[PDB]
2 protein chains.
Amino acid sequence: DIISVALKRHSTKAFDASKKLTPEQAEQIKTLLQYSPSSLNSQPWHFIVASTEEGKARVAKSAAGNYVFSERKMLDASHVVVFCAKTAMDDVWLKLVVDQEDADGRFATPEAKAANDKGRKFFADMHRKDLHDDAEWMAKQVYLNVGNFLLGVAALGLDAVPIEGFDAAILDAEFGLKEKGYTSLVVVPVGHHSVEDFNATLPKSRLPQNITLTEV
Amino acid sequence: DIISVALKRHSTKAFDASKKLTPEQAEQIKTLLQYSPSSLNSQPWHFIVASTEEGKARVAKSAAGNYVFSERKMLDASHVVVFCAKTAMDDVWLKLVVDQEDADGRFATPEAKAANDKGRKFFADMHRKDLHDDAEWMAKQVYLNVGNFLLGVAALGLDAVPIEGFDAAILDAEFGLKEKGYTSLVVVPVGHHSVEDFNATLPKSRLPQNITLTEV
Ligand SMILES: Cc1cc2nc3c(=O)[nH]c(=O)nc-3n(C[C@H](O)[C@H](O)[C@H](O)COP(=O)(O)O)c2cc1C
Ligand SMILES: Cc1cc2nc3c(=O)[nH]c(=O)nc-3n(C[C@H](O)[C@H](O)[C@H](O)COP(=O)(O)O)c2cc1C
C-alpha cells in the first residue's frame with residue numbers, strides 16, 4: 001500500500017552501479033514522466049533520461065567541481081532523469097496541447113475545443129503579462145512532476161534521490177537547452193542503493209503535524 | 001501497480017458530497033502531506049485540511065470572480081486541502097528542522113548535527129541572500145508535495161482535483177495566513193466523484209514522448 005511506500009522511501013546517498021532497471025522498469029519511468037498532471041494540461045516540460053555511461057557522464061559534468069557528492073550519484077545509478085521547464089510559454093505549445101487533446105478525443109465539438117483553447121490562453125497570458133511569473137509557474141508544474149515521480153519510482157520498488165545540487169548553467173550548455181527553450185531544474189538518479197547508502201537505514205524525520213497542519 | 005494508478009487517475013470535475021473519506025483515509029491523507037520530501041528537508045509548508053461544512057465554505061470564498069467553477073468542487077468534496085508555502089525562510093524554521101532530525105535519531109554525534117545545520121544554512125542563505133528566490137524555491141517544494149499527494153490519494157482509491165483557479169488573496173485573508181507567514185498556492189478537494197464528473201470517462205491526453213523526452 002501507498003502509505004507504506006511513503007513511510008519507507010528515502011533519498012539514496014549511494015547507488016549500486018551493477019543493478020540496472022529492467023527494460024520494463026525503464027519504460028515505466030518514462031510513463032510516469034509523461035502522465036503527470038499539470039495546470040491546464042500545459043505540460044511545460046522536457047525530460048532527459050540518461051541510461052548509457054556516456055549519457056550519464058554528460059549529465060554528471062554539471063556537478064563537477066562544486067557539487068562533487070552529486071557527481072557520484074549521477075554516475076552510479078541505472079537511469080538519471082533531468083527535469084526541465086520551458087523558459088517561455090509560446091502559442092505553438094498551447095496549440096500543440098489543445099490539438100493533442102482533440103486528437104485524443106476530449107472534445108465533443110469544435111465549440112468545446114475553442115472554449116478549452118481560449119480558457120488556457122487566458123490563464124497563460126495572465127501569468128506572462130500580469131503576474132510576471134510564467135517561468136516560475138511552469139517550473140512549479142515541473143516540481144509537481146518530480147513529486148509524482150519520486151513516489152512512483154519508490155512504489156515500483158526502485159531507489160532514487162532528487163538533486164538540486166548541480167550547476168544548471170553547465171547542464172543547460174551541455175545539452176543546448178537555452179536555444180531550445182528549456183532550463184534544467186532537478187536531476188533524479190534512479191536505480192538500487194548500495195551498502196554505502198547510510199540513509200537507507202536512518203529513521204525518517206518530519207515536523208509534527210501540530211506545527212504544519214490545521215484542521216477546520 | 002503504481003503505473004495503473006498513474007494512468008487511471010484523473011482531475012475530478014464533480015464530487016458526490018455524501019461519500020466521505022473513512023476515518024483511516026482521513027489520517028492517511030495527512031500522513032502523505034507530512035512525509036513528502038523537500039530540499040534540505042526544509043518542509044516550508046502549512047496545510048489547511050477542511051472537512052466540516054463551515055470549513056469548506058470558508059475555503060470556497062476563494063472561488064470567486066473568474067474562479068466560480070471551483071466553488072462546487074470545494075464544497076462537495078469530503079476533504080479539501082489548502083497547500084501553503086512560507087513567505088520567507090528564517091533561522092527559527094531551520095533550527096526547528098534540524099532539532100527534529102536530532103529528536104528522530106538522525107545524528108550519531110554533535111559534530112554530525114552541526115554539519116547538517118551548517119549545510120542547510122549555507123543553501124538556505126544562498127536562496128535568500130544571493131539568488132533572492134527563497135519564496136519561489138519554497139513554493140517549488142510545495143508543488144512537489146502536491147505531486148506526491150495527487151498520486152498518493154489516487155493510490156488510496158480516492159478522487160481529487162488540483163486547483164490553481166482560486167483567489168489566493170481571498171483565501172489568505174480568510175485564514176489570516178499573511179501574518180502567520182504563509183500564502184496559499186494550490187487547493188486540492190479529495191473524495192469520490194459523482195456520475196456528473198464528465199472527466200471520469202474522457203480519455204486522458206498527453207503530448208507524445210517524441211516531443212517531451214530525450215534518451216541519451
Ligand atoms: C527538490 C529537492 C532537492 C534535493 N537536493 C538534494 C541534493 O542536492 N542532494 C541530496 O543529497 N539530497 C537532496 N535532496 C533530498 C532531501 O534532503 C530529502 O528529500 C529530505 O531530507 C527528506 O528525506 P527523504 O527524501 O529521505 O524522505 C533534495 C530533495 C528535494 C525534494
Ligand atoms: C497545479 C494544477 C492546477 C490546476 N488547476 C485546475 C483548476 O483550477 N481547475 C481545474 O478544473 N483543473 C485544474 N487542474 C487540472 C488539470 O487541468 C489536469 O491536471 C490536466 O488537464 C491533466 O488531466 P488529469 O489531471 O485528469 O490527468 C490543475 C492541475 C494542476 C496540476
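So that the names make sense, note that chain A is the first sequence line, chain B the second, and so on, each numbered from 1. Below, each value reflects all heavy atoms present in this structure, side chains not excepted, and no hydrogens, waters or symmetry copies. Counting convention: from 1, in listed order, for ligands and their atoms alike.
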If you count the atoms of ligand 1 from 1 in the order shown, which ones are under 4.0 Å from a heavy atom of B/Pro37? 19 (O), 25 (O)
Does either side chain, that of B/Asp16 or that of B/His192, offer a donor lying less than 3.5 Å from an acceptor on the other one? no
Going by the angle between their ring planes, with limits at 30° and 60°, are A/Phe123 and B/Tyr67 parallel, tilted or perpendicular? parallel
Of A/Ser42, B/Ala6, B/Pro162, A/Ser38, the one whose closest heavy atom lies nearest atom 16 (C) of ligand 2 is A/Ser38
Which residue and heavy atom of the protein sit nearest atom 8 (O) of ligand 2, plus the separation: B/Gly165 N, 2.8 Å
Any idea which part of B/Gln43 is under 4.0 Å from ligand 1, heavy-atom wise: side chain, backbone, both or neither? neither
Atom 30 (C) of ligand 2 has as its nearest protein heavy atom A/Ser39 N, 3.4 Å
Between A/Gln100 and A/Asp104, does any side-chain donor sit less than 3.5 Å from a side-chain acceptor? yes
One finds that the ligand 1 atoms under 4.0 Å from a non-hydrogen atom of A/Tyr143 are 1 (C)
Can you figure out which of B/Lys73, B/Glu164, B/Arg9 has its heavy atom closest to atom 1 (C) of ligand 2? B/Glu164
If you define the side chain from C-beta out and look only at heavy atoms, does anything of A/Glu196 sit under 4.5 Å from A/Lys13? no
Please report which non-hydrogen protein atom sits nearest to atom 21 (O) of ligand 2, along with the residue it belongs to and the distance in Å to one decimal place. A/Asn41 CB, 3.3 Å
With a cut-off of 4.0 Å, which atoms of ligand 1 are near a heavy atom of B/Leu144? 31 (C)
Check contact between A/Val186 and ligand 1, using heavy atoms of the residue and a distance below 4.0 angstrom. no
Do the non-hydrogen side-chain atoms of A/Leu33 and A/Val49 ever get within less than 4.5 Å of each other? yes
If we number the atoms of ligand 2 from 1 as shown, the ones under 4.0 Å from a heavy atom of B/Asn199 are 26 (O)
From the options A/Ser11, A/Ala154, A/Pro203, A/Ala160, select the one whose nearest heavy atom is closest to atom 26 (O) of ligand 1. A/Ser11
Is there a side chain to side chain donor-acceptor pair (under 3.5 Å) between B/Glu27 and A/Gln209 once you walk through the steps? CA-CA 11 Å; B/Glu27 278 297 329; A/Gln209 297 179 17; 5.0 Å; no
With heavy atoms under 4.0 Å as the rule, classify the contact between A/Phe166 and ligand 1 as side chain, backbone, both or neither. neither
For atom NZ of B/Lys121, is the number of surrounding heavy atoms from other residues, nucleotides or ligands below 6.0 Å larger than 12? yes
Side chain to side chain contact (heavy atoms under 4.5 Å, CB included) test vs B/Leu185 passes for just one of B/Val146, B/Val142, B/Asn145, B/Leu171, namely B/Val142
Among all the protein's non-hydrogen atoms, which is closest to atom 12 (N) of ligand 2, and how far away is it? B/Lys13 NZ, 3.4 Å
Are B/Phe83 and B/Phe149 close enough that their ring centers fall under 6.0 Å? yes
Hey, does A/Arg206 come in under 3.5 Å of ligand 1, counting only N/O atoms on both sides? yes
Is A/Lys204 close to ligand 1, meaning an N/O of one under 3.5 Å from an N/O of the other? yes
Less than 4.0 Å between a side-chain N and a carboxylate O, is that true for B/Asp99 and B/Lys95? yes
Checking the N or O distance criterion of under 3.5 Å, is ligand 1 in contact with A/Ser70? no
Given that the side chain starts at C-beta and the backbone is N, CA, C, O, which of these parts of A/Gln141 lies under 4.0 Å from ligand 2, counting heavy atoms, or is it both or neither? side chain
Going by the 4.0 angstrom heavy-atom rule, the piece of A/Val146 near ligand 1 is neither
Can you sort out which atoms of ligand 2 are near B/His10, meaning under 4.0 Å from one of its heavy atoms? 26 (O)
With heavy-atom distances below 4.5 Å as the criterion, would you say the side chains of B/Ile3 and A/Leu32 are in contact? yes
Over 60° means perpendicular and under 30° means parallel, so tell me whether A/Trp137 and A/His127 are parallel, tilted or perpendicular. parallel
